[PDB]
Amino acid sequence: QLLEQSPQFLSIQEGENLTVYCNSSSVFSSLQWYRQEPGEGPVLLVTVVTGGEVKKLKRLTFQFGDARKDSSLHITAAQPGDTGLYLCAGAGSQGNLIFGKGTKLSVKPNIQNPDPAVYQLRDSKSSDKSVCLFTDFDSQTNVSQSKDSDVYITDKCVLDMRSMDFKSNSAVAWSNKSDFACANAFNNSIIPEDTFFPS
C-alpha cells in the first residue's frame, strides 16, 4: 500500500488559495490529514471515511475521491500560521496507518512597509567581530546561501513585533575573512535595487 503526496514543497504568498494532494492506486477505507510543526508531534486535522465526502473546517476544505483512491486538502486565503508539514495517512478496513511523505507548506507574510537595508552589527564583547543583517525586505525577496566556505548566511526569518502591528524579514551573514564586508555579503541574493546601505 503506497500513498503519494503532491507537491513535495510549496511556497506561497499570504492571501492565496492552494490545493495539496494525496494519491494511491489502492482503495482506502479511511484517509486522514495531519499537520506537523518542526520537531513536534503531528496533530490530526480530519478523517474522511466515505467516497466523495467533503469536510470544511474554517479555511480548510478536505475531500475524499469518489472512488476512494485520493484526497485533496484545499486552503482558502492562506495565512503564515498555515505553515507546516501536511501528512496524509491511510488505513484500509483492517490493518493500520500508512503515511505519505508530506507536503511541506511555507506561507510568506504580507509585508506592509518594506524598507530593505543591510546593517552592520558589532559584538557586545570588546572582541572585533561583526554580523551583517539584511532586513526589512518584502516576502518577494529570496535569500541565497553562501557560495563560500568561510561565509555563513542564514535563511530569512520573520519576526513579529505584536505590540506595534509590525512584522519584518531578515537574514544574517557573517565571516572572519578580511575579504568580507556588508556591501558584498548578500551578492548572491537577488535584492531590491533600492536596498539601503549605510555609510
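Numbering starts at 1 and runs along the sequence shown.
Look at the C-alpha B-factors of 47-55 and of 140-148. On average they run higher in 140-148. Look at the mean CA B-factor for 175-183 and for 7-15 in the entry; the higher one is 175-183. Annotation for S168, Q36, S130, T154: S130 ranks highest, by Cα B-factor. The PDB entry assigns its highest CA temperature factor, among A78, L73, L87, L121, to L121. In the deposited entry, the Cα temperature factor of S163 sits in the top third of values across the chain's modelled residues. Sort the modelled residues of the chain by CA B factor and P116 lands in the lowest third. When the CA B factors of the chain's modelled residues are split into thirds, the value for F64 lands in the middle one. Ranked within its chain, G102 lands in the middle third, by CA B factor from the PDB record. For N96, the recorded CA temperature factor ranks within the highest third of the chain's modelled residues.
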